[PDB]
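Just passing along the structure, written as structure tokens.
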Amino acid sequence: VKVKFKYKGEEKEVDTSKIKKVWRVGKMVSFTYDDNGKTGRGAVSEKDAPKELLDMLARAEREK
DNA sequence: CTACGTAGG
DNA sequence: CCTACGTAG
């Protein structure tokens with residue numbers, strides 16, 4: 001149910017509902033996410049990015 | 001080793 | 001300022 005990525009040498013999983021912001025960098029989907037009020041950072045490839053997330057990205061792009 | 005987007009302490 | 005991320009150049 002969550003986004004799986006690697007950040008600074010480790011695998012992580014975050015529930016989409018935790019995403020704050022998302023944007024595109026080449027083929028990479030980059031983002032920030034809530035970690036208790038603290039702001040995490042994560043990135044994953046679009047091939048490994050899950051629909052919902054891709055959906056958030058689209059809207060964000062559409063908007064702006 | 002550079003580029004690309006964006007924010008973090 | 002500048003790294004971190006995935007992928008290409």
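The figures here come from the full heavy-atom set of this structure, side chains too, leaving out hydrogens, waters and symmetry mates. Throughout, protein chains are lettered first and strands after them, A, B, ... in sequence-line order, and every chain is numbered starting at 1.
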For this session: For A/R41 and C/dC2, give me the distance from atom CZ to atom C1', rounded to whole Å.
Result: 11 Å
Problem set entry | Rounded distance in Å - CG (A/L53) to P (C/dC5) |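 Computing the A/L53:CG to C/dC5:P distance gives 17 Å.
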Exercise. Atom OH in A/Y33, atom NZ in A/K38: separation rounded to 0.5 Å?
Worked result: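 Taking OH in A/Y33 and NZ in A/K38, the distance rounds to 10.0 Å.
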Exercise. With no angle test and no hydrogens, is the base of B/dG5 tied to the side chain of A/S30 by a donor-acceptor pair under 3.5 Å?
Worked result: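 Between B/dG5 and A/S30, which were checked side chain against base, a qualifying N/O pair under 3.5 Å is present.
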Exercise. Which atom pair, heavy atoms only, marks the closest approach of A/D34 to A/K20?
Worked result: N-CG, 3.9 Å
Exercise. According to a strict under-4.0 Å criterion, is A/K64 in side-chain N/O contact with OP1 or OP2 of B/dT6?
Worked result: yes
For this session: Kindly state which residues belonging to residues 1-8 of chain A come within less than 4.0 angstrom of DNA chain C, counting heavy atoms of the residue only, listed by number.
Result: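 A/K6, A/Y7, A/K8, in order of number.
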Exercise. Just by modelled atom types, is the A/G26 backbone N or O under 3.5 Å from a matching donor or acceptor in the A/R24 side chain?
Worked result: yes
Which donor-acceptor pairs under 3.5 Å do side chains of residues 4-18 of chain A form with protein atoms, sequence neighbours excluded?
residue: A/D15; atom: OD2; partner: A/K18; partner atom: NZ; Å: 3.1

Exercise. How close do A/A49 and A/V29 get, heavy atom to heavy atom, and via which atoms?
Worked result: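 The answer is CB-CG2, 4.4 Å.
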Exercise. Closest approach of A/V3 and A/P50, non-hydrogen atoms and distance?
Worked result: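 The pair with the smallest heavy-atom distance is CG2-CG, 4.1 Å.
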Exercise. Going by an N to O cut-off under 4.0 Å, is there a salt bridge joining A/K51 and A/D55?
Worked result: yes
Problem set entry | Residue met sooner reading DNA chain B from 5', once A/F31 and A/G37 are mapped to nucleotides | A/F31
For this session: Give the stems involving DNA chain B, where a stem is 3 or more consecutive Watson-Crick or G-U wobble pairs (i with j, i+1 with j-1, and so on) under 3.5 Å.
Result: B:1-8 with C:2-9
For this session: Take the protein atom CD of A/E61 and the nucleotide atom P of B/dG5, then report the distance between them rounded to whole Å.
Result: 12 Å
For this session: Could you check whether A/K12 gets within reach of a base, just the sugar-phosphate, or nothing at all, counting any heavy atom under 4.0 Å?
Result: nothing
Problem set entry | Residues that A/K21 engages under salt bridge (charged side-chain N to carboxylate O under 4.0 Å, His left out), provided they are two or more places apart | none
For this session: For DNA chain B, determine which residues of residues 13-26 of chain A have any heavy atom closer than 4.0 angstrom to one of its atoms, and list them numerically.
Result: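 By residue number: A/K21, A/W23, A/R24, A/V25.
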Exercise. Counting any heavy atom closer than 4.0 Å, what does A/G9 reach on the DNA or RNA strands: base, sugar-phosphate only, or nothing?
Worked result: sugar-phosphate
Between the protein and nucleotides 7-9 of chain C, which nitrogen or oxygen pairs are less than 3.5 angstrom apart?
residue: C/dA8; atom: OP1; partner: A/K27; partner atom: NZ; Å: 2.8

Exercise. Do A/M56 and A/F31 sit in the same hydrophobic cluster, where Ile, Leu, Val, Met, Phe, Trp and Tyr count as joined when their side-chain heavy atoms come under 4.5 Å apart?
Worked result: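 Yes, A/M56 and A/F31 fall within the same hydrophobic cluster.
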